[PDB]
Amino acid sequence: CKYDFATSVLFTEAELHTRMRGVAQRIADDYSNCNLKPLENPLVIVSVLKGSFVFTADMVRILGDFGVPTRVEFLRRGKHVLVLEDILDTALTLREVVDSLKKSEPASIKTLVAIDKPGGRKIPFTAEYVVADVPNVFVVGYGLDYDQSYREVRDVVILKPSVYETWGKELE
Amino acid sequence: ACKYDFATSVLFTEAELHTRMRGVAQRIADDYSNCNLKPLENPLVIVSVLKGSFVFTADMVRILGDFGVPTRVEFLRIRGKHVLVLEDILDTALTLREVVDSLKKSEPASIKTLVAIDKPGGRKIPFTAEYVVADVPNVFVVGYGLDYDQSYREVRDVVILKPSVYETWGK
Ligand SMILES: O=c1[nH]c(=O)c2[nH+]cn([C@@H]3O[C@H](COP(=O)(O)O)[C@@H](O)[C@H]3O)c2[nH]1
Ligand SMILES: O=c1[nH]c(=O)c2[nH+]cn([C@@H]3O[C@H](COP(=O)(O)O)[C@@H](O)[C@H]3O)c2[nH]1
Ligand SMILES: [Mg+2]
Ligand SMILES: [Mg+2]
Ligand SMILES: [Mg+2]
Ligand SMILES: [Mg+2]
């Protein structure tokens with residue numbers, strides 16, 4: 001492949017940004033009757049997990065270029081809150097987090113994930129905004145990690161078992 | 001001269017910063033090639049500080065990744081490890097000192113500092129960053145992680161903040 005520990009590059013960096021610009025136009029349309037201004041009424045970004053900091057940094061600057069001003073917060077009333085996550089697999093985290101952003105009842109609350117793994121659900125969750133779908137394969141890159149590594153990968157790729165095995169007999 | 005409204009001037013852009021970051025990534029590559037940096041085994045621990053360094057952290061770990069500097073991030077808003085702290089702006093250098101001191105009490109292999117914006121004239125205590133992306137005078141800024149009350153972090157460029165914005169807002 002293009003990398004030396006992958007078998008396939010699912011989504012490149014040019015694809016996600018292109019998709020995130022598309023979703024940004026969707027969020028700019030859906031949030032045009034909210035009167036989104038800096039300070040007074042800026043959209044809130046809830047950045048769950050530890051691997052959502054790459055997607056969050058890219059998204060807040062794509063929404064800003066689409067006139068959708070934001071204010072971020074990290075979790076690792078009268079406000080339209082937006083929860084962001086690197087990947088949506090089992091969907092148990094968001095559900096709790098989403099249901100937990102309601103106890104401080106916001107103006108409105110939707111979810112935005114960069115990578116949706118709809119095939120690995122345990123409870124029926126659906127995000128209003130998804131940048132891309134991926135089959136039930138393990139994909140590192142764009143902040144995603146295998147034991148805290150390979151987050152720095154600009155692309156969403158698939159780690160070769162060898163990499164997962166070669167690291168096996170170093171642990172003990 | 002400003003490409004915005006909430007600002008009087010544009011000190012540095014997303015393009016000015018990115019080019020400066022590749023040059024600092026190479027030096028990070030030069031000075032860390034003797035440590036034998038490898039994923040999982042011994043990656044370069046990037047300790048991101050504040051809520052604002054998260055932008056500068058997201059772009060810098062993808063430039064250090066281009067030059068072959070694998071990393072594992074930690075956010076503080078390490079034993080026998082090479083730790084590299086990152087912070088958006090360096091002012092009084094107080095916040096940096098304590099974080100590094102606290103980090104020093106875990107005995108990391110090494111430990112240096114990397115900032116995107118340094119305000120050398122804002123020093124309460126003396127402090128030198130091992131790596132620096134840009135220098136600004138003693139003016140209040142926003143953008144690229146630098147915020148005005150949780151706002152303006154989304155600005156792609158580091159800009160000086162207009163006075164009207166926080167005389168009107170600070171009452
Ligand atoms: O790099 C990765 N590529 C993947 O495909 C993947 N799938 C799940 N994870 C791990 O899942 C945890 C949170 O995901 P969920 O809450 O959606 O289960 C996080 O702790 C992740 O480490 C992955 N990490
Ligand atoms: O948005 C901002 N624009 C600025 O120009 C600025 N100067 C100082 N600060 C704040 O002061 C802190 C300095 O921390 P140090 O002790 O490490 O210098 C930083 O971490 C910030 O909290 C700023 N925030
Ligand atoms: Mg996650
Ligand atoms: Mg993980
Ligand atoms: Mg050097
Ligand atoms: Mg390479």
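Hydrogens, waters and symmetry mates are skipped; everything else that's a heavy atom, side chains included, is used. Letters A, B, ... are given to chains in the order of the sequence lines, protein chains preceding strands, and every chain is numbered from 1.
- The pair B:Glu154-A:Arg71 does not meet the salt-bridge criterion, since no charged nitrogen lies less than 4.0 angstrom from a carboxylate oxygen.
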Should B:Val61 and A:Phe53 be marked as a side-chain contact (heavy atoms from CB on, under 4.5 Å) after you check the CA-CA gap, both sets of side-chain angles, and the distance that decides it?
CA-CA 11 Å; B:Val61 297; A:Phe53 81 98; 4.3 Å; yes
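- To the nearest 0.5 Å, atom CZ of residue B:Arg62 and atom CD of residue A:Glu13 are 5.5 Å apart.
- For B:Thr57, the parts sitting under 4.5 Å from any heavy atom of chain A are the backbone and the side chain alike.
- Of the listed residues (B:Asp59, B:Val155, B:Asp149), the greatest number of heavy-atom pairs within a distance under 4.5 Å of chain A belongs to B:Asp59.
- When the side chains of ILVMFWY residues are joined at heavy-atom separations under 4.5 Å, either directly or via intervening members, A:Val163 and A:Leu171 end up in a single hydrophobic cluster.
- Pairing each heavy atom of A:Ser149 with each of B:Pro43, the nearest pair is OG-CG, 4.5 Å.
- For the pair A:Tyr150 and B:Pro39, the minimum side-chain heavy-atom distance is below 4.5 Å.
- B:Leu96 and B:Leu94 fall into different hydrophobic clusters, defined by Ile, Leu, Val, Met, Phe, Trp and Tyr side-chain heavy atoms under 4.5 Å apart, directly or through other members.
- Interface remark: B:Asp147 contributes no atoms to any contact with chain A (heavy atom separation under 4.5 Å).
- A distance of 6.5 Å separates CG in A:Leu39 from OH in B:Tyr148, rounded to the nearest 0.5 Å.
- A continuous path of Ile, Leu, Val, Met, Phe, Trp and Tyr side chains, each step under 4.5 Å between heavy atoms, connects A:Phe11 with A:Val137, placing both in one hydrophobic cluster.
- For A:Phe74 and B:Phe75, the ring centers sit 6.0 Å or farther from each other.
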Could you go through the side-chain contact (heavy atoms from CB on, under 4.5 Å) check for B:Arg156 and A:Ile62 one step at a time?
CA-CA 9 Å; B:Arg156 296 186 173 271; A:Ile62 294 186; 3.7 Å; yes
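- Contacts of A:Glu40 with chain B are made by both backbone and side-chain atoms, with heavy-atom separations under 4.5 Å.
- Heavy atoms closer than 4.5 Å to chain A are found in the side chain of B:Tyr144, but not in its backbone.
- Neither the backbone nor the side chain of A:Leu63 comes within less than 4.5 Å of any heavy atom in chain B.
- Atom NZ of B:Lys51 is surrounded by more than 12 heavy atoms from other residues, nucleotides or ligands within 6.0 Å.
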